[PDB]
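Source file work_14.cif; content: mmCIF, C-alpha atoms.
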data_protein
#
loop_
_atom_site.label_atom_id
_atom_site.label_comp_id
_atom_site.auth_asym_id
_atom_site.auth_seq_id
_atom_site.Cartn_x
_atom_site.Cartn_y
_atom_site.Cartn_z
CA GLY K 4 0.00 0.00 0.00
CA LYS K 5 0.79 3.73 0.27
CA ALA K 6 2.35 3.58 3.74
CA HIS K 7 4.85 0.97 2.56
CA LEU K 8 5.91 2.88 -0.55
CA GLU K 9 6.31 6.03 1.54
CA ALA K 10 8.64 4.24 3.95
CA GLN K 11 10.83 3.04 1.06
CA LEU K 12 10.90 6.51 -0.52
CA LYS K 13 11.74 8.16 2.82
CA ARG K 14 14.69 5.91 3.55
CA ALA K 15 15.83 6.22 -0.08
CA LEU K 16 15.62 10.01 -0.21
CA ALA K 17 17.24 10.45 3.20
CA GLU K 18 20.22 8.55 1.78
CA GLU K 19 20.30 10.41 -1.53
CA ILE K 20 20.18 13.78 0.23
CA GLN K 21 23.04 12.71 2.51
CA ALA K 22 24.94 11.96 -0.73
CA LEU K 23 24.56 15.57 -1.91
CA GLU K 24 27.41 17.94 -1.07
CA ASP K 25 25.51 21.21 -0.68
CA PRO K 26 26.64 22.79 2.63
CA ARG K 27 23.09 24.11 3.14
CA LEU K 28 22.12 20.46 3.72
CA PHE K 29 24.68 19.70 6.44
CA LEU K 30 23.00 17.77 9.30
CA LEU K 31 19.61 17.96 7.59
CA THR K 32 17.27 15.05 8.27
CA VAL K 33 14.08 13.81 6.64
CA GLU K 34 11.27 13.59 9.17
CA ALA K 35 8.57 12.19 6.91
CA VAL K 36 7.15 12.00 3.39
CA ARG K 37 3.58 11.85 2.13
CA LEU K 38 2.63 10.80 -1.40
CA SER K 39 -0.32 12.40 -3.19
CA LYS K 40 -3.41 10.22 -3.79
CA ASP K 41 -2.32 9.40 -7.34
CA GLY K 42 1.40 9.21 -6.62
CA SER K 43 2.17 12.33 -8.69
CA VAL K 44 3.92 14.27 -5.94
CA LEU K 45 5.85 13.33 -2.81
CA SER K 46 5.86 15.95 -0.06
CA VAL K 47 9.14 15.65 1.86
CA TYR K 48 9.28 17.14 5.36
CA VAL K 49 12.75 18.03 6.59
CA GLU K 50 14.55 19.29 9.69
CA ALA K 51 17.35 21.70 8.78
CA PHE K 52 20.23 22.42 11.11
CA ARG K 53 20.44 26.13 10.22
CA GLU K 54 18.76 28.49 7.72
CA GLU K 55 15.72 26.32 6.97
CA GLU K 56 14.84 28.45 3.93
CA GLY K 57 18.31 27.86 2.44
CA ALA K 58 18.03 24.10 2.95
CA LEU K 59 14.64 24.03 1.23
CA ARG K 60 16.09 25.95 -1.72
CA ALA K 61 19.03 23.57 -1.95
CA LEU K 62 16.73 20.54 -2.09
CA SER K 63 14.40 22.22 -4.58
CA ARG K 64 17.39 23.00 -6.79
CA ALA K 65 18.47 19.36 -6.52
CA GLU K 66 14.98 18.04 -7.30
CA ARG K 67 15.77 16.67 -10.73
CA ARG K 68 18.97 14.91 -9.62
CA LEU K 69 17.17 13.49 -6.59
CA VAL K 70 14.28 12.12 -8.63
CA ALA K 71 16.85 10.60 -11.01
CA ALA K 72 18.52 8.98 -7.97
CA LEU K 73 15.23 7.59 -6.75
CA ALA K 74 14.43 6.25 -10.20
CA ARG K 75 17.56 4.12 -9.92
CA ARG K 76 16.40 2.37 -6.75
CA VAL K 77 12.61 2.41 -6.57
CA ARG K 78 10.40 0.48 -8.95
CA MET K 79 7.78 2.88 -10.33
CA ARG K 80 6.96 3.56 -13.98
CA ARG K 81 6.90 7.28 -13.24
CA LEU K 82 8.54 8.60 -10.05
CA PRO K 83 6.74 11.35 -8.13
CA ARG K 84 8.10 14.87 -8.30
CA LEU K 85 9.31 16.25 -4.97
CA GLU K 86 8.00 19.14 -2.88
CA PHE K 87 10.18 20.13 0.09
CA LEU K 88 8.59 21.46 3.26
CA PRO K 89 9.69 22.31 6.82
CA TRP K 90 9.20 19.53 9.41
CA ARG K 91 6.58 21.55 11.24
CA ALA K 92 4.31 21.08 8.23
CA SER K 93 4.13 17.25 8.30
CA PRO K 94 0.56 15.80 8.53
#

Give the structure from the file, written as C-alpha cells.
Amino acid sequence: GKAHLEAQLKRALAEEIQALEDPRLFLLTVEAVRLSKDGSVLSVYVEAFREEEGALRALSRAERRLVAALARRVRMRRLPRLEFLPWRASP
C-alpha cells in the first residue's frame, strides 16, 4: 500500500540527500514524506540544522537529480516529483 511505498521513498531520499554535497544540507534530516493520492507528488518534510529556507532551496534545486537517484532504486513507472517542506508542516 501507500504507507509501505512512503517508507521506502523516505529511507531512499534520506540517503540520496546525505549523498549531496551542498553545505546548506549539512545535518539535515528527513522527518517524513507523504505521497499524493495518485502518486504524482511526494511531499518531503525536513529538519534543517540552520537556515531552513536555504536548505529548502538547496533541495528544490536538486529536485531533478534526486528524482533521477530515486528512479535508480525504486520500482515505479513514473517517479513522483518532490515538494520540500519544513518539518513543522508534516501531517

Practice item. Can you give me, as an NGL selection string, the residues this file yields under the PyMOL selection byres ((chain K and resi 76) around 12)? Key: :K and (11-12 or 14-16 or 18-19 or 69-75 or 77-80 or 82)

Would you export the selected residues with C-alpha atoms as a PDB file, in the coordinates of the input, please?
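Output saved as part-v5.pdb:
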ATOM      1  CA  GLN K  11      10.830   3.040   1.060  1.00  0.00           C
ATOM      2  CA  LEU K  12      10.900   6.510  -0.520  1.00  0.00           C
ATOM      3  CA  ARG K  14      14.690   5.910   3.550  1.00  0.00           C
ATOM      4  CA  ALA K  15      15.830   6.220  -0.080  1.00  0.00           C
ATOM      5  CA  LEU K  16      15.620  10.010  -0.210  1.00  0.00           C
ATOM      6  CA  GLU K  18      20.220   8.550   1.780  1.00  0.00           C
ATOM      7  CA  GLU K  19      20.300  10.410  -1.530  1.00  0.00           C
ATOM      8  CA  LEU K  69      17.170  13.490  -6.590  1.00  0.00           C
ATOM      9  CA  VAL K  70      14.280  12.120  -8.630  1.00  0.00           C
ATOM     10  CA  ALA K  71      16.850  10.600 -11.010  1.00  0.00           C
ATOM     11  CA  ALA K  72      18.520   8.980  -7.970  1.00  0.00           C
ATOM     12  CA  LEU K  73      15.230   7.590  -6.750  1.00  0.00           C
ATOM     13  CA  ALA K  74      14.430   6.250 -10.200  1.00  0.00           C
ATOM     14  CA  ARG K  75      17.560   4.120  -9.920  1.00  0.00           C
ATOM     15  CA  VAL K  77      12.610   2.410  -6.570  1.00  0.00           C
ATOM     16  CA  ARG K  78      10.400   0.480  -8.950  1.00  0.00           C
ATOM     17  CA  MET K  79       7.780   2.880 -10.330  1.00  0.00           C
ATOM     18  CA  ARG K  80       6.960   3.560 -13.980  1.00  0.00           C
ATOM     19  CA  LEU K  82       8.540   8.600 -10.050  1.00  0.00           C
TER      20      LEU K  82
END

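Closest to residue 59 in chain K among K:36, K:85, K:10, K:22 is K:85, based on all atoms listed in the file.
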
Review point. Any idea what's packed within 12 Å of residue 28 in chain K, counting all atoms listed in the file, ignoring anything in its chain fewer than 2 positions away? Could you give it as a ChimeraX atom specification?
Key: /K:17,19-26,30-33,49-65

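When CA of residue 42 in chain K is paired with CA of residue 29 in chain K, their separation reads 28.7 Å.
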
Practice item. List the residues selected by the PyMOL selection byres ((chain K and resi 44) around 10) in the file shown, writing them as a VMD selection string. Key: chain K and resid 37 to 43 45 to 47 82 to 86

Fix up range 30-56 of chain K with N, CA and C atoms, then write it as a JSON list (two decimals), in the coordinates of the input.
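That gives us out_10.json:
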[["chain", "number", "residue", "atom", "x", "y", "z"],
["K", 30, "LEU", "N", 23.79, 18.21, 8.15],
["K", 30, "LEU", "CA", 23.00, 17.77, 9.30],
["K", 30, "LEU", "C", 21.49, 17.76, 9.09],
["K", 31, "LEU", "N", 21.05, 17.98, 7.87],
["K", 31, "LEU", "CA", 19.61, 17.96, 7.59],
["K", 31, "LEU", "C", 19.10, 16.53, 7.66],
["K", 32, "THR", "N", 17.89, 16.36, 8.20],
["K", 32, "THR", "CA", 17.27, 15.05, 8.27],
["K", 32, "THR", "C", 15.85, 15.07, 7.69],
["K", 33, "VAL", "N", 15.42, 13.92, 7.19],
["K", 33, "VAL", "CA", 14.08, 13.81, 6.64],
["K", 33, "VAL", "C", 13.17, 13.26, 7.73],
["K", 34, "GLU", "N", 12.16, 14.03, 8.11],
["K", 34, "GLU", "CA", 11.27, 13.59, 9.17],
["K", 34, "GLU", "C", 10.13, 12.72, 8.66],
["K", 35, "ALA", "N", 9.68, 12.98, 7.44],
["K", 35, "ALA", "CA", 8.57, 12.19, 6.91],
["K", 35, "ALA", "C", 8.32, 12.56, 5.46],
["K", 36, "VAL", "N", 7.53, 11.74, 4.78],
["K", 36, "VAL", "CA", 7.15, 12.00, 3.39],
["K", 36, "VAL", "C", 5.70, 11.58, 3.28],
["K", 37, "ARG", "N", 4.98, 12.19, 2.35],
["K", 37, "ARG", "CA", 3.58, 11.85, 2.13],
["K", 37, "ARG", "C", 3.36, 11.93, 0.63],
["K", 38, "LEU", "N", 2.88, 10.84, 0.04],
["K", 38, "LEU", "CA", 2.63, 10.80, -1.40],
["K", 38, "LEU", "C", 1.21, 11.24, -1.70],
["K", 39, "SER", "N", 1.02, 11.96, -2.80],
["K", 39, "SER", "CA", -0.32, 12.40, -3.19],
["K", 39, "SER", "C", -1.16, 11.17, -3.56],
["K", 40, "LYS", "N", -2.47, 11.31, -3.49],
["K", 40, "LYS", "CA", -3.41, 10.22, -3.79],
["K", 40, "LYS", "C", -3.04, 9.39, -5.02],
["K", 41, "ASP", "N", -2.65, 10.07, -6.09],
["K", 41, "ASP", "CA", -2.32, 9.40, -7.34],
["K", 41, "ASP", "C", -0.84, 9.14, -7.55],
["K", 42, "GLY", "N", -0.03, 9.41, -6.53],
["K", 42, "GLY", "CA", 1.40, 9.21, -6.62],
["K", 42, "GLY", "C", 2.16, 10.23, -7.45],
["K", 43, "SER", "N", 1.51, 11.31, -7.87],
["K", 43, "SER", "CA", 2.17, 12.33, -8.69],
["K", 43, "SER", "C", 3.22, 13.16, -7.99],
["K", 44, "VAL", "N", 2.99, 13.44, -6.71],
["K", 44, "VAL", "CA", 3.92, 14.27, -5.94],
["K", 44, "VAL", "C", 4.19, 13.70, -4.56],
["K", 45, "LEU", "N", 5.44, 13.79, -4.14],
["K", 45, "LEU", "CA", 5.85, 13.33, -2.81],
["K", 45, "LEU", "C", 6.24, 14.58, -2.04],
["K", 46, "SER", "N", 5.54, 14.82, -0.93],
["K", 46, "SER", "CA", 5.86, 15.95, -0.06],
["K", 46, "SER", "C", 6.89, 15.39, 0.90],
["K", 47, "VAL", "N", 8.01, 16.09, 1.03],
["K", 47, "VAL", "CA", 9.14, 15.65, 1.86],
["K", 47, "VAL", "C", 9.34, 16.67, 2.96],
["K", 48, "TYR", "N", 9.16, 16.24, 4.21],
["K", 48, "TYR", "CA", 9.28, 17.14, 5.36],
["K", 48, "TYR", "C", 10.65, 17.00, 6.00],
["K", 49, "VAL", "N", 11.39, 18.10, 6.07],
["K", 49, "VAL", "CA", 12.75, 18.03, 6.59],
["K", 49, "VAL", "C", 13.08, 18.93, 7.77],
["K", 50, "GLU", "N", 14.07, 18.51, 8.55],
["K", 50, "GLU", "CA", 14.55, 19.29, 9.69],
["K", 50, "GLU", "C", 15.94, 19.81, 9.32],
["K", 51, "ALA", "N", 16.06, 21.12, 9.13],
["K", 51, "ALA", "CA", 17.35, 21.70, 8.78],
["K", 51, "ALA", "C", 18.09, 22.10, 10.04],
["K", 52, "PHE", "N", 19.41, 22.04, 9.98],
["K", 52, "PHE", "CA", 20.23, 22.42, 11.11],
["K", 52, "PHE", "C", 20.17, 23.94, 11.30],
["K", 53, "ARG", "N", 20.46, 24.67, 10.23],
["K", 53, "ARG", "CA", 20.44, 26.13, 10.22],
["K", 53, "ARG", "C", 19.76, 26.61, 8.93],
["K", 54, "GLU", "N", 19.40, 27.89, 8.89],
["K", 54, "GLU", "CA", 18.76, 28.49, 7.72],
["K", 54, "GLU", "C", 17.87, 27.48, 6.98],
["K", 55, "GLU", "N", 16.69, 27.25, 7.54],
["K", 55, "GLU", "CA", 15.72, 26.32, 6.97],
["K", 55, "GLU", "C", 15.36, 26.69, 5.53],
["K", 56, "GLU", "N", 15.17, 27.98, 5.27],
["K", 56, "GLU", "CA", 14.84, 28.45, 3.93],
["K", 56, "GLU", "C", 15.92, 28.04, 2.93]]
